[PDB]
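> How does the following fold in three dimensions:
(one chain, ligands or ions: 2)
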Amino acid sequence: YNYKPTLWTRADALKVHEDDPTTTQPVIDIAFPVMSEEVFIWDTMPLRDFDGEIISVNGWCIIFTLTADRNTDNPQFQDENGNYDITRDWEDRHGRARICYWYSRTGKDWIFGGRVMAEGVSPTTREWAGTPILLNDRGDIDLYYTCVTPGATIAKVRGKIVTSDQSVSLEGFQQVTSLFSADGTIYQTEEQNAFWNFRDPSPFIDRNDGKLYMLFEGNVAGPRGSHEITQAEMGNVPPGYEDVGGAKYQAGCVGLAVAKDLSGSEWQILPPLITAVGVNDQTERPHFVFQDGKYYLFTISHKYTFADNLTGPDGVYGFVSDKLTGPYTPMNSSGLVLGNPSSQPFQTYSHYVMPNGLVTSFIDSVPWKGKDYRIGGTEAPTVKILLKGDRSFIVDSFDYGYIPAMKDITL
Ligand SMILES: OC[C@H]1O[C@H](O)[C@H](O)[C@@H](O)[C@@H]1O
Ligand SMILES: OC[C@H]1O[C@](O)(CO)[C@@H](O)[C@@H]1O
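Residues are numbered from 1 along each chain as shown. Ligands and ions are numbered 1, 2, ... in the order given. Sure, the structure comes next:
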């Protein structure tokens, strides 16, 4: 592999425009419904195949979610005078993240199928985001996911989906295989950075190559703050914009790995496809859409993970290329594909662009009056974007949590 990474540059970031109507999510209505009064969900991982297509099994649409319990009645989460503090609860959720699954014949109105892995199966208590892949017409599934604290390790667990006429259940998911961790030469380690990023496996079979790959979030290797900003990372900045502040501490990247064979048992770490040194620290949940012979690389990020003297909205950013290993071009010239409106900047997150143009999100925080907001923990309205060359256009909206399958497999 003789390739060079594409840099997302400060010059690119300066082009990022908030509240572009073609590139901005509709405003979440504060009277939004919730899909469960018992649990929170946020990161949503639809069941798909190695080609990236959303798959239904025996007419059942399937999604996996990062999940946690609503502590409505637990005394630990009580306000002064003994009231349930929904906010403190919601914001403490990442520590108790578990992966659950839901099912529906309609892609809507989801039924809770419960927990994927029994407690104690995951090496780490935290089960963070990844991808469920349908291996088989017998229903076998490899759940790639992230084991966090201690450390950060990409891993997989095999199981199996069994459908009935009116319900769906899971078998297996009893043994987790750790695949790899940050190496220190290419991707940044805990040793080098206590706040290092390493998570979110999205496996895929390349159509031109036939080989098994995966994207993941990472940081560029090196001790924290040792990265320097050269004119490469700067890009072709305008006069008066040479001041980068503490940009040295932002070193986000989209990592790449390749499997020895399609079983996905052993993985060789490769150089990153996208690096954002001096621009953004977090390029999370990377994922591909394959369209018009092109590689559409999407990755989500935050307003407040941008480097100094740079800004953008919370949402999904994107890059397009003719080949897997680049060179990539930022979507819509700046990289921004779908951003939250500035009036409700944190209404949604974890935008997952599917090959049918549908984009799913979970509702985080919707403003009401002054400093108070309503928290969600439920799916946002699914939007459709249209991809055209290196430009995206939002095109219409569907119902809350609408995640239809593109293809049905009979077992
Ligand atoms: O754990 C901190 C989290 O805060 C919010 O939920 C953000 O949406 C999420 O991206 C971030 O990681
Ligand atoms: O638990 C949620 C975690 O997973 C992500 O959504 C993607 O990596 C991050 O935003 C967060 O740290």
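> State the distance from the nearest residue in space to residue 347 that is not next to it in sequence to ligand 1.
Spatially, and ignoring its direct neighbours in sequence, residue 347 is nearest to residue 28 (4.3 Å; Cβ to Cβ, 6 or more residues apart in numbering). In this view, the C-beta of every residue, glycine as well, is placed from N, C-alpha and C. Going from residue 28 to ligand 1 by Cβ to the nearest ligand atom, to the nearest Å gives 14 Å.
> a helix runs through residue 28, doesn't it?
No. Residue 28: not assigned to a helix; according to DSSP: H, G, I helix; E, B strand; the rest coil it is coil.
> Ligand 2 contacts on the stretch 301-411 of the chain?
residue 350 (Cβ under 6 Å from any ligand atom).
> where along the stretch 301-411 of the chain do the strands fall?
Taking DSSP state E, counting those that start in this stretch as the criterion, the stretch 301-411 of the chain contains strands spanning 315-321, 329-330, 336-339, 348-353, 358-367, 373-379, 381-388, 391-400, 407-409.
> Now tell me what touches the fourth one from outside.
Counting by Cβ atoms under 8 Å, 6 or more residues apart in numbering, the neighbours of strand 348-353 from elsewhere in the structure are 25, 28, 42-46, 129, 285, 287, 289, 296, 298, 300, 314-316, 318, 337-338, 340, 359-364, 380, 385.
> And the closest residue to ligand 1 within the stretch 1-150 of the chain, its phi and psi?
Residue nearest to ligand 1 within the stretch 1-150 of the chain: residue 94 (4.2 Å; Cβ to the nearest ligand atom). Per-residue torsions, residue 94: phi -60, psi -30 (degrees, to the nearest 10).
> got a list of what the nearest residue to it once chain neighbours are set aside touches?
Nearest residue to residue 94 in three dimensions, chain neighbours excluded: residue 126, at 7.5 Å (Cβ to Cβ, 6+ apart). Shown in contact with residue 126 (Cβ under 8 Å, 6+ apart): 94-97, 147-149.
> can you do 7 Å?
95, 97, 148-149 (Cβ atoms under 7 Å, 6 or more residues apart in numbering).
> so residue 89 sits in a helix?
Yes. Under three-state DSSP, residue 89 sits within a helix.
> what's the burial count for it?
Using other Cβ atoms under 10 Å as the criterion, residue 89 is surrounded by 21 other residues.
> switch to numbering from 22
Done: numbering now begins at 22, and the last item shifts to residue 110.
> thought it was touching residue 93?
No. Between residue 110 and residue 93 there is no contact under Cβ atoms under 7 Å: 8.3 Å.
> got any residues that touch both of the two?
If you check residue 110 and residue 93 against Cβ under 7 Å, 6+ apart, no residue is contacted by both.
> burial count for the residue of the stretch 72-221 of the chain found nearest ligand 2?
Distance from ligand 2 to each residue of the stretch 72-221 of the chain (Cβ to the nearest ligand atom) is smallest for residue 115, at 4.1 Å. Neighbour count for residue 115, taken as other Cβ under 10 Å: 13.
> Kindly report the residues of the chain close to ligand 2.
Residues of the chain lying near ligand 2 (Cβ under 6 Å from any ligand atom): 64, 87, 115, 118, 149-150, 220-221, 238, 305-306, 371.
> Now, these that are in strands?
Of the residues of the chain next to ligand 2, the ones assigned to strands by DSSP state E are 64, 87, 149-150, 220-221, 238, 305-306, 371.
> Output those as a markdown table; include the columns distance to ligand 1.
Below are those laid out as a markdown table (distance: Cβ to the nearest ligand atom, whole Å):
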| residue | distance to ligand 1 |
| --- | --- |
| 64 | 9 |
| 87 | 10 |
| 149 | 10 |
| 150 | 10 |
| 220 | 10 |
| 221 | 11 |
| 238 | 11 |
| 305 | 7 |
| 306 | 10 |
| 371 | 7 |
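> For the residues you listed, name the two members farthest from one another.
87 and 238 (14.6 Å; Cβ to Cβ).
> what about those two, which has more around it?
residue 238 (27 against 24).
> Next, the contact list for the more buried one, please.
Here residue 238 is in contact with 218-221, 275-276, 304-305, 307 (Cβ under 7 Å, 6+ apart).
> ok, and the most crowded of those residues?
Neighbour max across the contacts of residue 238 (other Cβ under 10 Å) = residue 304, 32 neighbours.
> Output the contacting helices and strands for the helix or strand encompassing residue 321.
Assigned by DSSP states H and E, residue 321 belongs to strand 315-322. Counting contacts by 3 or more Cβ pairs under 7 Å, 6 or more residues apart in numbering; DSSP states H and E, strand 315-322 packs against strand 305-312, strand 336-342, strand 369-374.
> burial of the nearest residue to residue 87 once chain neighbours are set aside, as a residue count?
Nearest residue to residue 87, sequence neighbours excluded (Cβ to Cβ, 6+ apart): residue 64, at 4.0 Å. When neighbours are defined as other Cβ under 10 Å, residue 64 has 22 of them.
> Next up, the contacts around residue 64.
Residue 64 sits next to 86-87, 150, 371, 383 when contact means Cβ under 7 Å, 6+ apart.
> surely residue 310 meets residue 317?
Yes. If you go by Cβ under 7 Å, residue 310 and residue 317 touch, sitting 4.0 Å apart.
> ok but residue 32 is inside a helix, no?
Yes. With three-state DSSP as the criterion, residue 32 is part of a helix.
> ok, the residue lying farthest from the centre of the chain to residue 258 distance?
Distance from the centre of the chain peaks at residue 102, with 38.3 Å (Cα atoms, centre = their mean). In this view, residue 102 and residue 258 are 54 Å apart by Cβ to Cβ, to the nearest Å.
> now do residue 407
Relative to residue 258, and taking Cβ to Cβ, residue 407 is found at 31 Å.
> okay, the two: which has more neighbours?
A direct count of neighbours by other Cβ under 10 Å for residue 407 and residue 258 places residue 258 higher, at 17 against 12.
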